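We just call them A, B, C and D in the order they show up, numbering each chain from 1.
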Amino acid sequence: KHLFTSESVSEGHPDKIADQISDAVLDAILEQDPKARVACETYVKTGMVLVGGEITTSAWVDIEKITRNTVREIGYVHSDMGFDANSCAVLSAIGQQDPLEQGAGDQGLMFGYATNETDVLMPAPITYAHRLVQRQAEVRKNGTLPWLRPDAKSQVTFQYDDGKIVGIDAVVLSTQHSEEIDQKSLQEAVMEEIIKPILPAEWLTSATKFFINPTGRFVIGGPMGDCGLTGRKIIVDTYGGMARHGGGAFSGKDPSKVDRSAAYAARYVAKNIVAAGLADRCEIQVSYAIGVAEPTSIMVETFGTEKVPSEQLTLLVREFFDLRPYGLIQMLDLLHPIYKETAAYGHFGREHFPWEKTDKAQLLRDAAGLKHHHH
Amino acid sequence: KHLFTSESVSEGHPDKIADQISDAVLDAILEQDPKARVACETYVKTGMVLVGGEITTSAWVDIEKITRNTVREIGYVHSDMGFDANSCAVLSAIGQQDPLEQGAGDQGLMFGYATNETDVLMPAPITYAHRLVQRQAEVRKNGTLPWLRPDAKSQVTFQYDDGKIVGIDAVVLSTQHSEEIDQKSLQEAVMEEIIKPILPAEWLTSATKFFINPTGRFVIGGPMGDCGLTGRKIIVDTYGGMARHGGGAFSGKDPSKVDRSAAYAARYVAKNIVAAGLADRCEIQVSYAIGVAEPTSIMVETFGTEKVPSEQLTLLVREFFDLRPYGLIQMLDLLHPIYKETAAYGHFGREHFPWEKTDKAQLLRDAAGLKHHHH
Amino acid sequence: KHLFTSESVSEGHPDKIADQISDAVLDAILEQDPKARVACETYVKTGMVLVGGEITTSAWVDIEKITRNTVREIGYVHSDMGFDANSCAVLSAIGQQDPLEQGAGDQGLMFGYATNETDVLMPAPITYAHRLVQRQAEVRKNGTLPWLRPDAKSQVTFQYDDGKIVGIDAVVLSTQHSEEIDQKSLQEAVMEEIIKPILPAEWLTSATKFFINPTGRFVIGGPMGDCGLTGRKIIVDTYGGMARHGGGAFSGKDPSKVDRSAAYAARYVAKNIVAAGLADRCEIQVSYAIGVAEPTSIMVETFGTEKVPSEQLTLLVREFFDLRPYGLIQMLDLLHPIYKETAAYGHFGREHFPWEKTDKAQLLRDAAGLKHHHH
Amino acid sequence: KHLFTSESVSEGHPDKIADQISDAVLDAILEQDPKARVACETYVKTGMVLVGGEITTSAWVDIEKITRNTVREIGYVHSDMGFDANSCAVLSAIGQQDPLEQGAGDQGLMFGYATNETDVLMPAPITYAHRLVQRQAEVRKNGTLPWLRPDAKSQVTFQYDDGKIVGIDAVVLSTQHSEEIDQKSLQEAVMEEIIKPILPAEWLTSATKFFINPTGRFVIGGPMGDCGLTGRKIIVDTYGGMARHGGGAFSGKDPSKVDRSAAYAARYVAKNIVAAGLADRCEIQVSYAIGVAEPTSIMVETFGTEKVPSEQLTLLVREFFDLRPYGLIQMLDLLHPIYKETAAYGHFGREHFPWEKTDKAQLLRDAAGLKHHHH
């Protein structure tokens, strides 16, 4: 019997604004130069975006237009909301100053995770936290609730009973909105259009507490309310705290940065082990030394749910997966402008991303000797 | 049998520069106004520091002098190193626009952890990673190795055998340095002055791999090499990945921000459970809803090492600890300028910090009914 | 027979926005510390104000609130106008690191001028250019023309016939406005409310050309349209080109800066010579060497209109006026927060400023031996 | 009998640093796109360059490399001098969002001047002020005085006797320098290498005062000492105060901006009148209305030195010169990357610039009927 909690934030949360600008700049560069080196760090606050860092590329991009386009899409288009794509400041401080045996670009450690408690092999709490804010954005943009504004957060507390979901104990939904909607109207609409359509009714009972805009009015937000920086939502981006984290941010980094590529690979590995039926849950840790191709370490954790000995799993992983930094890029077909889409609503659990394919599961299952004997 | 890896970075790593500026600004404010509200986000890169965010305070501080003093102390005092305290740009964009029942200032989730694998009740990998970079800084500043420069990283891979440390498998030490030292000289000096004095000789064997400045020369660094931002080393700041993380950054936040205060409290709770002998390792999760005083959730995880039933532990925690946001500040005496010291070499494991006191351990032990029966 | 032209700009022109922020910061400091050293340079463009330079002061000022207050007063309060006081970025980069024999703080040259072609002893073209934009601001702010927006420019071409004003040949008035007013409506209203009430009807004839918003619609302006910097309207600030200029900017400089104080003194000198009847027009040049109290040069130019020999005038000036840098501050009572008012609509010709007093005129006249002999 | 004073500043003065960055960016764009629209405003101070404004161009330029290259050429290459090309911050905030009948892009007024008191038809004071700082830069860069640093100023006071140069009354030379040179050594070297080789010995007498580094040591300078902005040396750029000024800055503006093109044209006109022998000195004023091709006014001032009636001169100017904004660009062949060279040591008096050609002088002389009758 334990209570576990995860959160997510909408595309209009200031940290998420920064992540999406960083990745919109990455995508624009990769469209022209797939092998670009990009380390693009964004900082947003009242009236301004600062886009900085380092790029090595043949590409020619307009950082200001990409930034303004990104903010406009998120929905900040007027001073009444606290922030305007068309009239904010955009400052740029980007410095433009056998292949599988290439060393890691940096040291570090990265984790990946999978669990069969959902069909996408993700933890339920982060899954439903993301779906809530993704729903908030959908009913804002489609005109179902046209008074919604871009900045929102969600938080879901699940109840477990020896590792089985019993229900949802608590739900937090805080949304920005225009001045005209009153709080009772806002709470009813958020319950009917956002919460009830996303959370399974089975998990919602008399024991469920709902905190909808628990401080009431939330008119001013996005960067006016809170400074936002790239890489400040790394637990929202991953597994909502259910799994460990190595500390590296994803957004604004090209696929040569093992902080992103090896975390994607570790998800792919974990997900294929669980899809194979070789465990019910699996956490992978990998680590690198700058200038060294072979990871300094690989760890496979199955929390006692493995269907074959743990040492045999570690072997299967070395056998089927090339975790050298350029083996990663090959393994996942990463040199394409696919990253802006990851930079809100989570890097995992959306099954069109290359690191969410379970195209190794039968291979691992066969290689492990799992198959039924008769008679 | 598993390999686990943690890293740390010196006070001269650009992300750590940002953390220390943010907390130097917090301390300067709390010295004058202990109840200040501070959310100070720093961004450093080639030639500049940007210090931004939001403060509510009666204090009057010189952000530029605090910044320059902080960078000078870290050791960046010349263009030859890539960055100069005295001549860099400092830009400021800080907007200055029953008490225990006060609501949390934000939603979120926070973890704390303790393990008796070290005397300070920390995981060994993060402990020894921090000690390595702390040693690098000490031999740089005391003139033992005067050619060292401020930017460094460490990484240590431990070998476990069913949860007992067998040894150290791999050690990474990457340090900045002046142009005059050659790499063989640098590797010998780092082995003799930094590595061998910090890592127990028992754990160092023929199986131990050493990667000292594995890309060779590292003359240019700090902000010139890599943009740095507040809150981009949250796993170095905590448990090196051994424990989970809720995603919140510590530095530049006053103690009313549950991202910092509740993580400190969760460490205090976990550490006192383990010091009490109520478990060998303990992870606490807590979460809040904005405007709500009582946490939305509390979870006590003991990984099967508890000495009393798990439900009884959850009770002991509600009984002995007030996890309401202002109960935290009272519980830990937090309204003092003590934070710059946390902003490099880890927020945990240094036992003079208030959240590292084990002043509840005997209390919890007595309350749990642990004591020996004779005859 | 010659045509001469001068321009002026409203308080909402971006260069004038910068001047007024610089001087609002100066005034706020002098209110607390009359002997402050201030060199405050402002830069405005789309979404941002940067306030920089150097101050030596005991004062404690909130640069962000002063900036936002200044922009709000000018009238930029919405993204629809291109700029919002409440939601723009404000960045600060101000470094806070016998008395009459004190040296000049810098070298330089400064001119002052007076002419009896107006009652305020100013050239008519700059006088009427300022009055036009000052009128534009008055009918905008008083609701006479509520659709006006803050950014405007004026330009007036006078016809002279051997140095006597014959009339006005050309009038330019370009004003920002809201989207709702059509251009014919705007032209009629500007002619009736701004032009006809300010320019003497005697000077307006069939030969007069009027260019009112000659490019038509002007909805977007202020910083969105044009970057603005302190000290980029030095000819609008002075004599509209009728007199020479030494190149120094006024705004954001305390009275120890001879670029401001000696130009004010040179106006005072010229104005008192002309008010004395010792010439009909008078241009003064003074210059300084850094660290030298006595000006390196003084020149008195009367364009052949002197009523006493030129050498005798130069003597009268050395006799009645102390042009040493601290003699200036004493001569004009300058250590008071009086400067924001100078930073739009001209530093000269408004007779409540201390350098516009003619309290030496009778003294100079008596000392020159001008007085009527009878019989 | 009158004393007149002019100043100049070296390429390392912070305002001049800004002018040269603005024009280096203009040149880089015009090299690729001769018809680019450019309005590039620079701001330099401790540790940073901000390059902003508005460009309409097909060109692709690296603002950061152009900036760093420009600062390096000027000579700021180390923190010991206060500023380093290689390690300063560069921030960019440039928004990239019958032909002779095209309207002026803005209103305004512009002056041009010529006088036969020098062979280049410039006033002597500005001529010799520029030559002094140009000499300071030459002996710094050629290693004659290798301890010189980039920031310097000059100021020269000439004595006139009814409009004829009698001599030089005062000379100011303030130069930055390294820590190693003492002030007596510096004064002797500046007198021998900079002053005596540039100023005619005839003009230097017992009455001449010399102020060499009159405040002594000047080690820290460039942007560390003083914020610099584009367009803050408009009187150094033109005629040193001898002639009037319309207020417009030159640097960072493409030739479609009448603030630059019409001032260049007005110099060309004045210079060709004086070279023709139609006056000994000539000041031209022109002015424009936004969206109007024909200037709102033209004024020809000859200070009583004309050799033909004044009305006939005004006619000659309308006849020989097309002052419509695109007539200017054609008249002077302006669509070429020639502007960085203007942005230090004066826009006039260097006779390879297109507006310094006297290719109309014989034409004007013939058209005026000036020629000798015999017998």
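Just so it is clear, contacts are C-beta pairs under 8 Å (C-beta built on N, C-alpha and C of every residue); 3 or more make two chains touch, one makes a residue touch a chain.
Listed by chain with UniProt protein names: A, B, C, D = S-adenosylmethionine synthase.
Asker: Please tell me whether C-D or B-C has the greater number of C-beta pairs in contact.
Answerer: Between the two chain pairs, C-D has more contacting C-beta pairs.
Asker: Identify, among B-C, B-D or A-B, the interface equivalent of A-D, where equivalent means over half of the contact pairs coincide by residue number.
Answerer: B-C
Asker: Between subunit B and subunit C, tell me the centre distance in angstrom, where each centre is the average of that chain's C-alpha atoms.
Answerer: Between these chains, centre-to-centre, one finds 56 Å.
Asker: Distance from the CA centroid of subunit C to that of subunit D, rounded to the nearest Å?
Answerer: 24
Asker: At least two other chains touched by the same residue of subunit B: list those residues.
Answerer: Residue numbers touching two or more other chains: 45-46, 48, 50, 89-91, 93, 95.
Asker: Touching residues of subunit C toward subunit A in the complex: what are they?
Answerer: 45-48, 78-79, 82-84, 86-91, 224
Asker: Which stretch or stretches of subunit D touch subunit A in the complex?
Answerer: Of all residues in subunit D, those touching subunit A are 50, 60, 62-65, 89-97.
Asker: Would you tell me which residues of subunit C are touching subunit D in their complex?
Answerer: The touching residues are 1-7, 39, 41, 43, 45-46, 48, 50, 52-54, 93, 95, 103, 107-109, 111, 153, 155, 157, 169-170, 172, 174, 209, 211, 214-215, 226-227, 229-236, 240-247, 249, 285, 287, 289-292, 296-301, 310-311.
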